[PDB]
Amino acid sequence: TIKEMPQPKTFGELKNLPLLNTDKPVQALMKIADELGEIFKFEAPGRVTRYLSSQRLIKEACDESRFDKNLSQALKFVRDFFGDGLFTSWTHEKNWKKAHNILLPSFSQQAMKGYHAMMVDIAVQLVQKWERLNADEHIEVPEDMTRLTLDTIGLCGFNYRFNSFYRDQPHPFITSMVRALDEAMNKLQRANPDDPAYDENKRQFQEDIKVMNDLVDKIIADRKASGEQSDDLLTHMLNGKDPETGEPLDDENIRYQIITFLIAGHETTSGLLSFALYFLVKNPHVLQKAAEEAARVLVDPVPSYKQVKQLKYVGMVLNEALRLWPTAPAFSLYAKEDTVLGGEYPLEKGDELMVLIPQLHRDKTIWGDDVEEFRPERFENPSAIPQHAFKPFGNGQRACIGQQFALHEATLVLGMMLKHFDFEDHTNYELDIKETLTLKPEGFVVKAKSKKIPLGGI
Ligand code: HEM
Ligand SMILES: CCCCCCCCCCCCCCCC(=O)O
């Protein structure tokens, strides 16, 4: 001995399923995890997942020799349109490593230096929009963040312009992405999909996916012509060949990586830049500190690569935002063999472990008692932080390929936002967190008066 494991309330045949009959499943699971602690079992009709909340257990699950990435029920649903791309394939699925190798040089420090110019293009457009608002007006934060993040990935990665800033409503691709992620979440809590009560759902689902796939076609079409060709993420998808297998990617898989990187390459970064600004307005002193570093370092009209790299405190602000609200709030692992977790819990081959990231980031035994407060200075000495305490970019070889992309874009943009503007929480915003598997504040609005510093170029 050995336990034994805590389980939340059950509802007969459906077991734990009713508990997440909410538009906010992750957040509910955090509250469940507040009461039950480090580990709890969740069972739905014919599936069982153990949710982990503590560093001492999550460090173990992060042992790549014992546990490997698992497609959760969530990821299996996302696989309907993510296909067999990097996010939704098994580690030992031929197409994972093949694509990993092929696409990896598109995230090397030399690619970032080359993505910078286009990152600034989109950032300048956002600043300009904010500069051009009338005094009677406010900024819709996540809406504008999504505008930036999608346009950024679309240009740096595909040399395609979404022109999100030439639209006052969300881009159709986003509307369709949100509806498709929204359904994926809503299949988690129904376990009766056949029912023609869900006939309209799968009709709109297929409608959304076609909208997404129609865009990919335009992206590929634009590439074939072009001429003055770039050397970006798409160029590697078409021309790169994998040393191990000696193979290029097949067209079926390319289509899936375009959809994967268009979605996973912006959505969570949008959430990050939203949550980051929110915390900064709720915490006006750290904002000031961030504004000072911004102003001191960004001495040119347009930031260089080296200058973003110098925005140290901004980096800490984004990390602390990732601590409290990691925008991809969970990842799944399975036991490679029969094993015992933390000396107390016996697991069978292929049992599921969901890492509840936000709860991991609130483990008092790691972060000290003040876990709920926003304090970027925690990351002044990361060496003190134990291994596998901070995991907002996943784990191991299945960790986020686009991590430095997200951060660099988020650092540049937040840095520029703070140089050019003073922000005001005019409505005194109360945090509502929308759940689309990913996490993002809903209705978060602010006002910005211009610091009237000039811009433009590069
Ligand atoms: C704050 C911004 C971001 C967050 C919080 C984030 C979060 C994550 C997490 C938690 C995983 C691991 C998934 C899992 O274990 O199931 C992951 C993997 C991945 N992310 Fe990100 N990500 C971010 C930015 C990006 C960007 C900008 C891209 C595209 C350039 C991207 C593309 C991917 C891909 C392709 C994988 C899976 C790769 C593989 O398995 O080889 N991510 N991300
Ligand atoms: C942009 C890529 C999207 C991939 C999804 C990443 C977010 C992790 C999944 C969160 C779902 C958590 C809800 C619990 C689901 C359940 O057990 O029923």
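Note that the authors' numbering numbers the sequence shown so that position 55 is 55, with each residue one more than the last. From the three backbone atoms N, C-alpha and C, an ideal C-beta is built for every residue, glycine too.
> CB of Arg167 to nearest heavy atom of ligand 1: below 7 angstroms?
Replying inline: To locate residue 167, count along the sequence shown from 1; it is residue 167. Not under cutoff, so the answer is no.
>> Tell me the DSSP secondary structure of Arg161 in three-state form.
In response: The count along the sequence shown starts at 1 and reaches residue 161 at position 161. DSSP places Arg161 outside both helix and strand once states are collapsed to three, so it counts as coil.
>> Any heavy atom of ligand 1 closer than 7 angstroms to the beta-carbon of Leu439?
In response: For this step, residue 439 is matched to residue 439 along the sequence shown. The beta carbon of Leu439 sits no closer than 7 angstroms to any heavy atom of ligand 1.
> Distance, Cα to Cα, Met5 vs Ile209?
Replying inline: The count along the sequence shown starts at 1 and reaches residue 5 at position 5. The count along the sequence shown starts at 1 and reaches residue 209 at position 209. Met5 and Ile209: Cα-Cα distance of roughly 40 angstroms.
> Quick one: is the Cβ of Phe379 within less than 7 angstroms of any heavy atom of ligand 2?
Replying inline: Your numbering for residue 379 matches position 379 in the sequence shown. Checking the Cβ of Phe379 against ligand 2 gives no.
>> Quick check on the burial criterion: 16 or more other C-beta atoms within 10 angstroms. Buried or exposed for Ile259?
In response: Taking the sequence shown and counting its residues from 1, one reaches residue 259 at position 259. Classification for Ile259: buried.
>> Considering just the uninterrupted stretch of the alpha helix (DSSP H) at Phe82, what are its terminal residues?
In response: Walking along the sequence shown from the start, residue 82 turns up at place 82. From DSSP, the alpha helix (DSSP H) with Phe82 extends over 73-82.
> Can you give the Cα-Cα distance for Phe158 and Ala225, rounded to whole angstroms?
Replying inline: Along the sequence shown, one-based indexing puts residue 158 at 158. Along the sequence shown, one-based indexing puts residue 225 at 225. Distance between the alpha carbons of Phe158 and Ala225: 13 angstroms.
> Which runs of the alpha helix (DSSP H), 4 residues or longer, sit entirely within the region 159-202?
Replying inline: 172-187
> Does the beta-carbon distance from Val302 to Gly415 come in below 8 angstroms?
Replying inline: For the purposes of this step, residue 302 is taken as residue 302 along the sequence shown, with counting starting at 1. For the purposes of this step, residue 415 is taken as residue 415 along the sequence shown, with counting starting at 1. No, the pair does not count as a contact, with Cβ atoms beyond the cut-off.
> Roughly how many angstroms separate the alpha carbons of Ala33 and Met118, rounded to a whole number?
Replying inline: The residue you call residue 33 lines up with position 33 of the sequence shown. The residue you call residue 118 lines up with position 118 of the sequence shown. If I take the Cα positions, the gap works out to 42 angstroms.
> Over what stretch of residues does the beta strand (DSSP E) that includes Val445 continue unbroken?
Replying inline: For the purposes of this step, residue 445 is taken as residue 445 along the sequence shown, with counting starting at 1. Membership of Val445 in the beta strand (DSSP E) is indicated by the continuous run 445-450.
> What is the rounded straight-line gap between the Cα of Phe405 and the Cα of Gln27?
Replying inline: Counted from its first residue, the sequence shown places residue 405 at position 405. Counted from its first residue, the sequence shown places residue 27 at position 27. Note on geometry: alpha-carbon atoms of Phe405 and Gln27 lie some 27 angstroms from one another.
> Taking the C-alpha atoms as reference points, what is the distance between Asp199 and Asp136?
Replying inline: The sequence position of residue 199 within the sequence shown is 199, counting from 1. The sequence position of residue 136 within the sequence shown is 136, counting from 1. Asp199 and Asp136: Cα-Cα distance of roughly 44 angstroms.
> For the alpha helix (DSSP H) that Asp34 lies in, which residues bound it at each end?
Replying inline: Here the question's residue 34 lines up with position 34 in the sequence shown. Looking at the DSSP string, the run of the alpha helix (DSSP H) that includes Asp34 is 25-36.
> What does DSSP give as the partner residues of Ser332 in its beta bridges?
Replying inline: Counting from 1 along the sequence shown, the entry for residue 332 is found at position 332. According to DSSP, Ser332 bridges with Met354.
> If we ignore side chains and look at the alpha-carbon of each, how far apart do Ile263 and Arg223 end up?
Replying inline: Sequence index remark: in the sequence shown, residue 263 carries index 263 (1-based). Sequence index remark: in the sequence shown, residue 223 carries index 223 (1-based). When rounded, the distance between both Cα atoms is 19 angstroms.
>> Please tell me whether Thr327 and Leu439 are closer than 8 angstroms, where the distance is taken between their beta carbons.
In response: Here residue 327 refers to the residue found at position 327 when the sequence shown is read from its first residue. Here residue 439 refers to the residue found at position 439 when the sequence shown is read from its first residue. Contact: yes.
> With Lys336 and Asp68 assumed to form a contact (beta carbons below 8 angstroms), what rounded beta-carbon distance in angstroms separates them?
Replying inline: Residue mapping note: residue 336 aligns to position 336 of the sequence shown, counting from 1. Residue mapping note: residue 68 aligns to position 68 of the sequence shown, counting from 1. The pair is a contact, with the Cβ atoms about 6 angstroms apart (cut-off 8 angstroms).
>> Beta-carbon within less than 8 angstroms of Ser274's beta-carbon, same chain only, minus the 5 sequence neighbours each way: which residues are those?
In response: Taking the first residue of the sequence shown as position 1, residue 274 is located at position 274. Once the five neighbours on either side are set aside, the close Cβ partners of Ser274 are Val141, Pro142, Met145, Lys440, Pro441, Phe444.
> Smallest Cα separation from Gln189: which of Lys15, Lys306, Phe81?
Replying inline: Counting from 1 along the sequence shown, the entry for residue 189 is found at position 189. Among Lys15, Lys306, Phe81, the Cα nearest to that of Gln189 belongs to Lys15.
> Going by beta carbon distance, what residues of the same chain come within less than 8 angstroms of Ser230, once the five residues before and after it are set aside?
Replying inline: If you number the sequence shown from 1, residue 230 lands on position 230. Contacts found: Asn159.
> Would a C-beta distance cut-off of 8 angstroms place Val317 and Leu341 closer than the cut-off?
Replying inline: As a first step, residue 317 is located in the sequence shown; it is residue number 317 there, counting from the start. As a first step, residue 341 is located in the sequence shown; it is residue number 341 there, counting from the start. For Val317 and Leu341, no; Cβs fall outside 8 angstroms.
> Beta carbon of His426: closer than 7 angstroms to some heavy atom of ligand 1?
Replying inline: Against the sequence shown, residue 426 aligns to sequence position 426. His426: no, Cβ never under 7 angstroms from ligand 1.
> Apart from the five residues just before and just after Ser450, which ones in its own chain have a Cβ nearer than 7 angstroms to its Cβ?
Replying inline: In the sequence shown, counting from the first residue as 1, residue 450 sits at position 450. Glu131, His420, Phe421.
>> Short of 7 angstroms in beta carbon distance, which residues of its chain neighbour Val178, apart from the five on each side in sequence? Order them along the chain.
In response: Within the sequence shown, the letter at position 178 stands for residue 178. Closer than 7 angstroms at Cβ, skipping near neighbours: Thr436.
>> Quick check on the DSSP output: the alpha helix (DSSP H) that includes residue 546 runs from which residue to which?
In response: Because the chain is modelled from 1 through 458, residue 546 falls outside the range shown and cannot be assessed.
> With a CB to CB cut of under 7 angstroms and the five nearest residues on each side skipped, what residues in its chain are close to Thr339?
Replying inline: Taking the sequence shown and counting its residues from 1, one reaches residue 339 at position 339. In its chain, beyond the 5 residues on either side, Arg66, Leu347 have a beta carbon closer than 7 angstroms to the beta carbon of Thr339.
>> Considering only DSSP beta bridges, list what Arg50 is partnered with.
In response: As a working mapping, residue 50 is identified with position 50 in the sequence shown. BP columns for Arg50 point to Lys41, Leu353.
> Thinking C-alpha only, which one of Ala74, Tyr51, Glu207 is nearest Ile357?
Replying inline: Sequence index remark: in the sequence shown, residue 357 carries index 357 (1-based). When each option's Cα is compared against that of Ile357, the closest is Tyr51.
> Under a Cβ-count criterion, where at least 16 other Cβ atoms within 10 Å of its own Cβ denotes burial, should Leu431 be classed as buried or exposed?
Replying inline: As a working note, residue 431 is residue 431 in the sequence shown. That one is exposed.
> If you compare alpha carbons, which of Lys434, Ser176, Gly46, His426 is closest to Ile139?
Replying inline: Position 139 of the sequence shown, counted from the first residue, corresponds to residue 139. The option with the nearest alpha carbon to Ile139 is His426.
> Is the beta carbon of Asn253 less than 8 angstroms from the beta carbon of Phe374?
Replying inline: Here residue 253 refers to the residue found at position 253 of the sequence shown. Here residue 374 refers to the residue found at position 374 of the sequence shown. Contact flag unset, no.
> What are the start and end residues of the beta strand (DSSP E) that includes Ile2?
Replying inline: Locating residue 2 in the sequence shown gives position 2, counting from the first residue. Neither: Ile2 is in no beta strand (DSSP E) and is coded neither H nor E.
> Since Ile433 sits in a beta bridge, which residues does DSSP pair it with?
Replying inline: Numbered from 1 along the sequence shown, position 433 holds the residue referred to as residue 433. For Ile433, which the question treats as bridged, DSSP gives the partners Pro441.
>> Rounded to whole angstroms, what is the Cα-Cα separation between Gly37 and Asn192?
In response: As a first step, residue 37 is located in the sequence shown; it is residue number 37 there, counting from the start. As a first step, residue 192 is located in the sequence shown; it is residue number 192 there, counting from the start. Roughly 31 angstroms separates the two Cα atoms.
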